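Residue numbers (the authors' numbering), protein chains in the order written: chain L, 49 to 144; chain 3, 2 to 51; chain W, 10 to 85; chain 5, 2 to 64.
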RNA sequence: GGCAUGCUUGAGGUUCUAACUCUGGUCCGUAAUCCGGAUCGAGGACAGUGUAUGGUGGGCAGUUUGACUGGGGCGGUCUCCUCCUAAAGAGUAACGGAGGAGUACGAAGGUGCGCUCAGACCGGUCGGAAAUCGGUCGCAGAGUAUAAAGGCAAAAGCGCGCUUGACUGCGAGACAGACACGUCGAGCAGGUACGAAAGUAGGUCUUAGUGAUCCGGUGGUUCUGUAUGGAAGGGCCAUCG
RNA sequence: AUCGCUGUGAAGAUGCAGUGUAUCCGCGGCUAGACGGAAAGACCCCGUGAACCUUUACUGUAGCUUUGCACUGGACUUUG
RNA sequence: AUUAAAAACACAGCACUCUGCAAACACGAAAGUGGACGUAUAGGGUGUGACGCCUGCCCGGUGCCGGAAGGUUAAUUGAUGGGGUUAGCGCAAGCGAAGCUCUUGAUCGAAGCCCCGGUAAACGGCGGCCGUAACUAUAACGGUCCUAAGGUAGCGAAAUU
RNA sequence: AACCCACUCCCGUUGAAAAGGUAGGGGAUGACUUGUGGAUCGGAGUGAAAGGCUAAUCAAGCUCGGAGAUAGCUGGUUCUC
RNA sequence: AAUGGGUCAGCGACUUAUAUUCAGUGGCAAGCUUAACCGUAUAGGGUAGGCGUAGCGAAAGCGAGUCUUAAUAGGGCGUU
C-alpha cells in the first residue's frame, strides 16, 4: 500500500457497504448438480448428505445453470423462475 | 455569500441547494424550480440550516 | 518584487489535424477563445472546445468575411 | 490464515468477477460548490485501474 | 398576608462525648524511650486517610521542534491562474523575468423582447481641458464583475417583461492523464421558462475563486436490524462542519 | 626492478607522455616529498539518529491543594 | 584524580523569607528517621560576601502576601422537556395510563481565575522619536510623544568603549 | 623538615610511569594530614560546585537480560559458459 | 595523492517455517483435494473444510439479472 508517502488508495477512496450477516448461512445450488442427491427428494439435509452444501447453511436458492435430468422433488428450497420451469419440465414438483 | 437550502412545502425535502447574499436582502426567496420526487413545483423556502 | 509561480500549462492546441477521420464526439480543437470557428458538423463547446458532431474528415477552410479560420467536417 | 489482509482495504475495495470495485472521492462535505454534473458522475461504483490492481491486491492479500 | 409549634430535608456558629487522633502523664505485659493493653489528660466529629473531583505542578517523564536552499543559517518560498523563457504540435527547469486568485452574480444566468462603441471636431450668463446633449467628419482605438493571454456584431455590453435550463435521470465519443482527480459533450421522459414559431437554454466571452480520507451533524430511504416484533446502531442517497 | 624536470590526469605524479640524468650495495646524519604513520574528522553539512539540559512548546504526572461521599455522632440555636 | 588553582567556590559579616514544635524541610508507597533529644538569640531555604562610606527611582508584567464578596467554574444532585417499547379505548387509523428504558439537563456545588490592595537585599525594569547643541550614538533642555518609572550618589575609553 | 599538596620549567610521550621524575614552589596547630572499621548508589548518591566524583569508565557506573533493539546508512556477498 | 587488504591456511553472508501468487511439470477432471485424527502406520480410511461449476447489487434480494427515478424509457458489471 505504501506509495512513497502520499495518500494511498486504501486511505484515499471512501469505505463503502456493509457485509450482510443474513447471507452467511445462504447458499446457491444449480440445476446441473440437483441430480447428485439420492432418493428423488432434494431437501436441505439431502443437499448436505451429498457434499453440495456446507453445514450451517439453512437457506438454499437454486438457479438455472444446466440440465436437471432426473425427476426430483424440492421441499423447503427456493427456486428461481427459469429454474422452476426446468425442473417441472423434467417431471419435478415443489412443496414446503 | 453563505450557503442556503431550498426545501419543499410538504413532508418531502428534495432540497436543491445554492447560496446568496443575505447581507443585501434579509428576507427569503419564493422562486420555484423542478422537483424529481413530488413532481410538482413548490415554494422553495428558507435554508434554516439549524 | 518577488517572481515565481507559473501555472500548470493547459495542453491546448489543434488535436486531430486536418485530414483525419473523426468519430462523432471527438474533441477537435482545444482552444482559449475560438481562434478557430465552427464549420459544418462541429459543435463549439462551452470553453470554446470544437467537437465533431458527425463522422467524416476535418477540413480546415478559411471562409467568409472577418477572415474566420473554420473547422468543418465533411462526411467523406 | 497466516497472512493478514488490511482490514482498512477491504472496506474500500469489494471484489467482483469483473475486478475490484470502489467508490469515488470528492463526494463529501463540499457539494454546493461543484456542479451537478460532477456530483452525478461520481455517484456510482467504479472499477480499479490496471496500474492500481497490483498495489491493492497486495494489501488485500491476493498476490 | 400567614400564627404558635410538633414531624422534618439544607448552609452557620459555638458547644457536648462516645467515633477517630495524641511523636502527653501513669500502670502492666517487662529486666524495653519499640509495641500493644488498661487508665488519666488533651483535641474532637475537626483532623486524617480511602475514593471521586477542580486547581496548581519543568519536581519528574515521553516527545515534537518541516522542506527547498549555487554549503548551512537569515530572508523568501510552498496550492491555483495568465504571459515570457519554451526552440512556429503537446510538454519543458532555475532563490529566472512579469503580474494575479482563496471571489463575485437570484441578474451580472437562461430566454423572449428591445437596443449598439470610443475619439477628435465644439455651442458660454454660474460646469467653459472636460457634463446634461443637440447634431456635423467617425473608420474598435471602447466596452467584457475581476490578473494577463486568447477572443468577439449571429454581439461574447445595457433596458425590460417571464419570472427559471444556475433543470432530474443520464450519456455515444473524445481531450488531458502515473494514480486520485480533471475537461468537453445529445436524444426520450420528469418536465420546463420563454418565442406566436424554426429553435435556443444542463449557468456566466474562456481559462483562477480551492481541499482527499477518517470521524461527527442533518433530512430522506425500499436496505440491514445478533431469539422474535420493534427500536438502537449500521449501509445507501442527499447535504453541513 | 621505488630518479629530476616539464606537461597530462578524479584538477599538486617514483610509476602516464616527452626528455634529461643515473655503475652495484651499505653506514652516519638531516627531515623536503611519499597529499608519511597514529584516531571509520572533532569544525561543517547530513540523518523524519541519540542523549542530556531549558521553558511561557505539546501531552502527561509525583507532590501540594479544593469540594462531594465514606470512616462520622446528639444537642440546641443564627439560619432556609 | 589525568591539559584550567583562578578573578571561580567557600568564608566571617549582612539582609530577605519560611517555621509555634507531631515545626518549616528532607529521606521514605508506609511505619519511621533526620532536623533534634534542638525550640524563634532556634532551625530550614535564598541571595550578597571582611571592613569603611553607602545602597536612588519603578508594584505595570510575573511571583508571593492579604482582601471583600460579585461574576464565571468540577465531580455530585436529577427539575423539566424530547424520544423507544405496550396495556388498553376507538370498527380500524389512532393515541396511549402505568411501567421499564434512552437522552435532555433547570437548581445545588469549593478552591482557582476575573477583580481590589500591598510587596523589589521578590524575578525583573530604570525609554526611543526627531530636528536640537555638539559628535559617531547621550535627558542639559523647549521638548513631540510614550511608559509602571525613565537612572540618584558614585564611577567611567573600565575584567565593560 | 617529616607529612600533605601540585604553581613553574625541562625531560619523558613506543615512557622507568595508562599522569611520573629532577631542579625550584604552597600549606605545614589546623576549615590539617592520616590508619582502621562503618554509612549513603545509578534520574541515585556525593559534591567549600568542576558536570566534579561514585574501582585507570561518568551530561547518568558496571554487569546480565529484553536482544540478532533499530540503522531510508556503511561495508562486504564466494564456480563457469 | 579516494576506500580496503602485511601474507598464508582455515572459517565467513539469500536460509527456514507458515500463508500466498505466477510459471513449468504431473495426477484426476465438472469436479478436485482432504485437515486433525484412526491406522498390524509413507498404505488404507477420514471429504469437516477449502477452491471450482453464476453473476449483479451496499443490502434485502433477483437470478443468465439488479440500481435509479413516478418511469420495464436511456448506460456499468456478468453471461453459451
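Using N, Cα and C, we set each Cβ at its ideal position, and we do this for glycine too.
With DSSP as the reference, label residue i as helix, strand or coil.
i	result
residue 40 (chain W)	coil
residue 145 (chain L)	Any property of residue 145 (chain L) remains undetermined from this structure, which presents chain L solely from 49 to 144.
residue 52 (chain W)	coil
residue 30 (chain 3)	coil
residue 2 (chain 3)	coil
residue 19 (chain 3)	strand
residue 58 (chain W)	coil
residue 27 (chain W)	coil
residue 11 (chain 3)	coil
residue 17 (chain 5)	strand
residue 142 (chain L)	strand
residue 47 (chain W)	strand
residue 84 (chain L)	helix
residue 71 (chain W)	strand
Output yes or no for whether 8 angstroms exceeds the beta carbon distance between residue i and residue j.
i	j	result
residue 140 (chain L)	residue 119 (chain L)	yes
residue 7 (chain 3)	residue 16 (chain 3)	yes
residue 80 (chain W)	residue 59 (chain W)	yes
residue 24 (chain 5)	residue 50 (chain L)	no
residue 87 (chain L)	residue 94 (chain L)	yes
residue 1 (chain 5)	residue 5 (chain 5)	Only positions 2 to 64 of chain 5 appear in the structure, and residue 1 (chain 5) is not among them; the question remains open.
residue 56 (chain L)	residue 26 (chain 5)	no
residue 82 (chain L)	residue 116 (chain L)	yes
residue 40 (chain W)	residue 61 (chain W)	no
residue 58 (chain 5)	residue 21 (chain 5)	yes
residue 57 (chain W)	residue 43 (chain W)	yes
residue 19 (chain W)	residue 45 (chain W)	no
residue 77 (chain L)	residue 121 (chain L)	no
residue 99 (chain L)	residue 75 (chain L)	no
List the endpoints of the continuous beta strand (DSSP E) containing residue i.
i	result
residue 20 (chain 5)	20-23
residue 100 (chain L)	That residue, residue 100 (chain L), is in no beta strand (DSSP E); it is neither H nor E in DSSP.
residue 60 (chain L)	Unbroken run through residue 60 (chain L) is the alpha helix (DSSP H), 57-60; no beta strand (DSSP E).
residue 107 (chain L)	107-111
residue 79 (chain W)	77-80
residue 65 (chain W)	65-67
Over what stretch of residues does the alpha helix (DSSP H) that includes residue i continue unbroken?
i	result
residue 21 (chain W)	Note, residue 21 (chain W): premise wrong, no alpha helix (DSSP H); not H, not E.
residue 11 (chain 5)	8-11
residue 135 (chain L)	129-137
residue 41 (chain 5)	37-41
residue 56 (chain 5)	54-60
residue 74 (chain L)	From DSSP, residue 74 (chain L) is part of no alpha helix (DSSP H) but of the beta strand (DSSP E) over 74-78.
Is it true that the stretch 10-29 of chain W meets the stretch 27-44 of chain 3, where meeting means three or more beta-carbon pairs spaced less than 8 angstroms apart?
No, the stretch 10-29 of chain W is not in contact with the stretch 27-44 of chain 3.
Taking any Cβ of chain L, which residues in the stretch 42-62 of chain 5 have a Cβ under 9 angstroms from it, in chain order?
46, 49, 53, 56, 57, 59, 60, 61
When the Cβ atoms of the stretch 126-135 of chain L are set against those of the stretch 100-118 of chain L, are three or more pairs found closer than 8 angstroms?
The stretch 126-135 of chain L vs the stretch 100-118 of chain L: in contact.
So, do the stretch 53-70 of chain W and the stretch 7-14 of chain 5 have three or more beta carbon pairs nearer to each other than 8 angstroms?
no
Which of the residues in the stretch 19-44 of chain 5, read from start to end, lie with their CB under 8 angstroms from any CB of chain L?
23, 24, 25, 26, 28, 29
Which residues of the stretch 49-78 of chain L have a Cβ closer than 8 angstroms to any Cβ of chain 5? Give them in chain order.
Hits within the stretch, in order: 49, 51, 56, 57, 58, 59, 60, 61, 62, 63, 64, 65.
Check whether the stretch 42-50 of chain 5 touches the stretch 14-32 of chain 3, counting contact only when three or more Cβ pairs, one atom from each stretch, lie closer than 8 angstroms.
no
Which residues, in order along the stretch 2-14 of chain 5, keep a beta-carbon less than 8 angstroms from a beta-carbon of chain L?
7, 9, 10, 12, 13, 14
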